[PDB]
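Enquirer: Please read through the structure below; I'll follow up with questions.
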Number of protein chains: 2
Amino acid sequence: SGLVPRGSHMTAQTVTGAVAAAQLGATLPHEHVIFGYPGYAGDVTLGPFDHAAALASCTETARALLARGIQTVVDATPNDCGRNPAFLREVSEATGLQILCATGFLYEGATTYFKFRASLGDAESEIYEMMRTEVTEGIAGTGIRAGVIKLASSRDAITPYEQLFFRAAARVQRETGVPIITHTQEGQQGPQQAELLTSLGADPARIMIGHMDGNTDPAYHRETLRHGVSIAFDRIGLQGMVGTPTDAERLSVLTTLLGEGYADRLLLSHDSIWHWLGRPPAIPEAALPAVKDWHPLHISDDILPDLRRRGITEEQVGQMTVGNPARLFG
Amino acid sequence: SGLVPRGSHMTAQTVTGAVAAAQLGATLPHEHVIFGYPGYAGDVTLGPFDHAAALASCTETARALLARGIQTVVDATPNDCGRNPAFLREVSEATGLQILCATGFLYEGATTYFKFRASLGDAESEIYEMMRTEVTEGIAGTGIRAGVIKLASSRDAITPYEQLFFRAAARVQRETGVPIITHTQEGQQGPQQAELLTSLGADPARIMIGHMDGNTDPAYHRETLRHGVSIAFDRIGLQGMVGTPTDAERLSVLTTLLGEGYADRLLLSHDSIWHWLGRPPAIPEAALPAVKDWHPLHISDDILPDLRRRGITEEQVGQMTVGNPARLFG
Ligand SMILES: [Co+2]
Ligand SMILES: [Co+2]
Ligand SMILES: [Co+2]
Ligand SMILES: [Co+2]
């Protein structure tokens with residue numbers, strides 16, 4: 001036990017169907033099989049999607065993950081960032097790797113559709129309708145259901161526009177028990193997000209505040225944790241990428257939190273992109289070190305062994321990688 | 001003659017092929033057959049595209065236009081707003097109505113893809129590559145070529161990000177002679193846009209600065225016109241829609257400019273949307289008068305007769321509706 005999920009639950013849904021909490025295994029709570037920044041579709045002429053090569057590439061990464069003992073990936077790709085459940089299902093059915101997809105949108109400057117629905121009507125209820133339908137019935141008539149709601153906020157505040165999504169999410173959460181994972185911008189708003197969602201009636205045991213590794217002051221992480229929610233160092237491997245701290249700094253914070261007993265509330269991920277949508281990313285020369293360990297095998301090969309040699313126990317490692325994911329999503 | 005297009009020309013391209021300047025006929029220089037605010041795709045579950053109903057609805061509007069003697073529509077829909085040349089081609093082949101589609105993106109807060117390419121590399125050259133390919137070879141391997149480049153800027157300035165597109169556009173323009181139509185936000189930046197593009201080497205005779213009806217001070221229109229470019233009152237029918245002036249005000253300005261002899265530089269359009277992408281628009285109760293005349297038959301039925309009874313001549317009307325479009329796009 002400890003802090004178990006409240007009332008209203010629905011068996012964890014993956015792109016290939018419902019899976020039991022115990023079948024989840026080691027999990028990466030925040031990754032992107034395919035991803036495109038909003039607008040990517042507008043570059044379809046020179047940046048078309050090569051299905052054959054994306055499939056070949058993604059299943060390969062999937063296989064490398066299974067070999068590491070990772071049995072599940074939570075794909076956090078927002079509805080406006082290329083989210084494609086049917087494709088994810090292909091990858092999963094081809095490899096056996098389990099994948100949960102999300103429902104939600106990126107922050108304010110991403111797109112403009114709902115900012116517009118909001119000027120003309122009740123956008124909260126429209127977002128609520130969409131989230132609930134995708135979480136209980138499916139996405140785009142495919143029958144594939146989202147297994148997490150994804151929320152995002154800006155750096156300086158959770159804007160009134162962003163809050164429409166947080167309330168729609170809170171509602172669906174209370175009604176269905178579906179988990180909620182978030183994006184925080186540049187290490188800010190973690191506590192505000194936690195305060196808001198719990199105040200809205202969302203179960204702190206089904207809430208994971210993301211990109212918390214974006215902040216290096218542990219007092220900041222401790223304040224979020226006070227709310228009873230889990231937090232994720234989900235961008236491990238992306239170092240100094242205009243903003244992000246280094247892994248050295250992330251681990252310093254993690255080991256402090258771990259030695260303070262917060263293991264039941266810490267999750268680990270990379271926030272990697274296996275295949276980019278649109279025109280392949282032009283990576284400058286100086287950016288190389290920053291993205292060097294920014295691939296999904298980094299935690300399994302570098303992070304988990306580094307934590308262990310630091311005194312973190314095998315049980316603490318299993319709690320973060322298997323224990324937490326099973327309660328959060330299962 | 002007068003101010004005819006410079007060197008480097010390419011026969012006007014429509015979704016169904018090249019058309020001769022003389023085949024253009026009366027034209028609406030800025031309209032949207034289908035349109036979706038960026039992000040619309042993310043609402044695919046409850047706001048899917050009903051092809052059968054969009055086709056039935058759009059050809060109908062097309063037929064009403066042909067009956068008015070309008071033989072061509074310049075669809076100004078940006079690459080990030082649902083632009084779909086294949087669909088436009090269906091509408092055109094089904095009715096005979098001629099349609100030219102565009103190449104380009106909406107302003108800064110619309111999407112984020114190129115803001116990202118810009119942090120990692122040479123976005124100007126990537127936008128240039130895309131624009132040129134779509135204007136000379138085609139869009140998405142369909143062989144359908146864009147017949148206009150579409151540019152947009154914000155209200156307070158033509159941002160450094162927005163200027164990447166203006167330079168890519170200027171380049172393609174000099175190289176291919178393809179026309180350029182713009183969007184101006186809330187009646188500002190008209191002169192700045194005209195100054196910038198001509199300074200970049202773009203032909204003022206193949207440049208139409210849009211949404212100029214958004215400003216009601218004719219001194220503002222006169223300054224843009226000084227640059228030798230044409231300007232369009234292309235949102236006729238959208239009144240008071242949070243910002244926009246009333247048609248009464250637009251016509252007051254138009255008749256002043258007309259009686260000052262600027263007929264060779266004035267174009268008329270509605271900026272209507274025949275079929276919305278995403279969830280159908282929820283139109284409040286107070287918004288009704290604002291969108292009442294916001295449909296493509298408004299100029300033919302209300303505007304052109306109102307101008308005539310005001311003293312505007314049949315020749316001045318033909319110059320705006322046929323003369324200008326033929327030089328600009330043909
Ligand atoms: Co994120
Ligand atoms: Co992410
Ligand atoms: Co516009
Ligand atoms: Co428009």
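Simple scheme: letters A, B, ... for chains in structure tokens order, numbers from 1 for residues in each chain, numbers from 1 for ligands in the order shown.
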What lies within 7 Å of residue 30 (chain A) using only C-alpha atoms, ignoring chain neighbours under 3 positions off, as a list in words?
Expert: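 Result of the neighbour search: residues 74, 75, 76, 234, 269, 270 and 271 of chain A.
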Enquirer: Those same residues - C-alpha atoms - I'd like them written as an mmCIF file, in the first residue's frame.
Expert:
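Saved the output as out.cif:
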```cif
data_model
loop_
_atom_site.group_PDB
_atom_site.id
_atom_site.type_symbol
_atom_site.label_atom_id
_atom_site.label_comp_id
_atom_site.auth_asym_id
_atom_site.auth_seq_id
_atom_site.Cartn_x
_atom_site.Cartn_y
_atom_site.Cartn_z
ATOM 1 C CA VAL A 74 4.524 5.569 -22.069
ATOM 2 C CA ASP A 75 4.463 7.625 -25.233
ATOM 3 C CA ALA A 76 3.738 11.212 -24.074
ATOM 4 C CA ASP A 234 12.163 12.433 -17.530
ATOM 5 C CA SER A 269 12.820 8.784 -18.372
ATOM 6 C CA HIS A 270 14.604 10.392 -21.292
ATOM 7 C CA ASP A 271 11.931 12.188 -23.298
#
```
Enquirer: Kindly provide the residues of chain B that approach ligand 4 to within 12 Å, each paired with its closest atom pair and their distance in Å to one decimal, based on only C-alpha atoms and all ligand atoms, listed by chain and increasing number, as a tab-separated table.
Expert:
```
residue	atom	partner	partner_atom_place_in_ligand_line	distance
B:28	CA	ligand 4	1 (Co)	11.8
B:29	CA	ligand 4	1 (Co)	10.1
B:30	CA	ligand 4	1 (Co)	6.4
B:31	CA	ligand 4	1 (Co)	6.2
B:32	CA	ligand 4	1 (Co)	6.5
B:33	CA	ligand 4	1 (Co)	10.3
B:34	CA	ligand 4	1 (Co)	10.6
B:35	CA	ligand 4	1 (Co)	8.7
B:36	CA	ligand 4	1 (Co)	10.6
B:37	CA	ligand 4	1 (Co)	10.6
B:74	CA	ligand 4	1 (Co)	10.3
B:75	CA	ligand 4	1 (Co)	8.3
B:76	CA	ligand 4	1 (Co)	5.8
B:77	CA	ligand 4	1 (Co)	6.4
B:78	CA	ligand 4	1 (Co)	8.3
B:81	CA	ligand 4	1 (Co)	9.8
B:82	CA	ligand 4	1 (Co)	12.0
B:83	CA	ligand 4	1 (Co)	11.5
B:101	CA	ligand 4	1 (Co)	11.9
B:102	CA	ligand 4	1 (Co)	10.9
B:104	CA	ligand 4	1 (Co)	11.9
B:105	CA	ligand 4	1 (Co)	11.2
B:106	CA	ligand 4	1 (Co)	9.4
B:107	CA	ligand 4	1 (Co)	11.8
B:150	CA	ligand 4	1 (Co)	9.4
B:151	CA	ligand 4	1 (Co)	10.4
B:152	CA	ligand 4	1 (Co)	9.7
B:181	CA	ligand 4	1 (Co)	10.1
B:182	CA	ligand 4	1 (Co)	8.9
B:183	CA	ligand 4	1 (Co)	7.0
B:184	CA	ligand 4	1 (Co)	9.9
B:185	CA	ligand 4	1 (Co)	10.8
B:210	CA	ligand 4	1 (Co)	8.7
B:211	CA	ligand 4	1 (Co)	8.4
B:232	CA	ligand 4	1 (Co)	11.6
B:233	CA	ligand 4	1 (Co)	11.6
B:234	CA	ligand 4	1 (Co)	8.2
B:235	CA	ligand 4	1 (Co)	8.0
B:236	CA	ligand 4	1 (Co)	11.5
B:238	CA	ligand 4	1 (Co)	11.5
B:269	CA	ligand 4	1 (Co)	9.8
B:270	CA	ligand 4	1 (Co)	8.5
B:271	CA	ligand 4	1 (Co)	4.9
B:272	CA	ligand 4	1 (Co)	7.4
B:273	CA	ligand 4	1 (Co)	8.4
B:274	CA	ligand 4	1 (Co)	11.8
```
Enquirer: Should the cut-off be 7 Å, what would the residue list for chain B against chain A look like, counting only C-alpha atoms, as a PyMOL selection string?
Expert: chain B and resi 37-42+44-46+79-80+109-113+120-121+130+139-141+282-284
Enquirer: Need the shell around region 292-302 of chain B: protein/DNA/RNA residues with any atom at most 7 Å away, counting only C-alpha atoms. Skip same-chain ones fewer than 3 positions apart. Format as a VMD selection string?
Expert: chain B and resid 65 68 237 to 238 270 272 288 to 289 305 to 306
Enquirer: Write out the residues from the selection above, keeping C-alpha atoms, as a short mmCIF file (atom, residue, chain, number, x, y, z; two decimals), in the first residue's frame.
Expert:
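What follows is the written file again-v1.cif:
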```cif
data_model
loop_
_atom_site.label_atom_id
_atom_site.label_comp_id
_atom_site.auth_asym_id
_atom_site.auth_seq_id
_atom_site.Cartn_x
_atom_site.Cartn_y
_atom_site.Cartn_z
CA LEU B 65 -19.74 31.85 -57.39
CA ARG B 68 -22.07 35.33 -60.13
CA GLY B 237 -18.26 40.94 -44.60
CA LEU B 238 -16.45 40.24 -41.29
CA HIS B 270 -13.98 38.17 -48.09
CA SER B 272 -14.37 33.40 -46.00
CA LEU B 288 -24.19 36.78 -35.45
CA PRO B 289 -24.26 40.28 -36.96
CA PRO B 305 -23.75 47.27 -56.39
CA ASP B 306 -23.19 49.56 -53.38
#
```
Enquirer: Compare A:208, A:146, A:53, A:22 by their minimum atom-to-atom distance to residue 231 (chain A), counting only C-alpha atoms, and give me the closest one.
Expert: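 Looking only at the distances to residue 231 (chain A), the closest residue turns out to be A:208.
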Enquirer: Name all residues at most 9 Å from residue 132 (chain A) (count only C-alpha atoms; drop same-chain ones fewer than 4 positions away) and give them as a list in words.
Expert: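 Listing them by chain and then by number gives residues 127, 128, 136, 137, 168, 169, 171, 172, 173, 175 and 176 of chain A.
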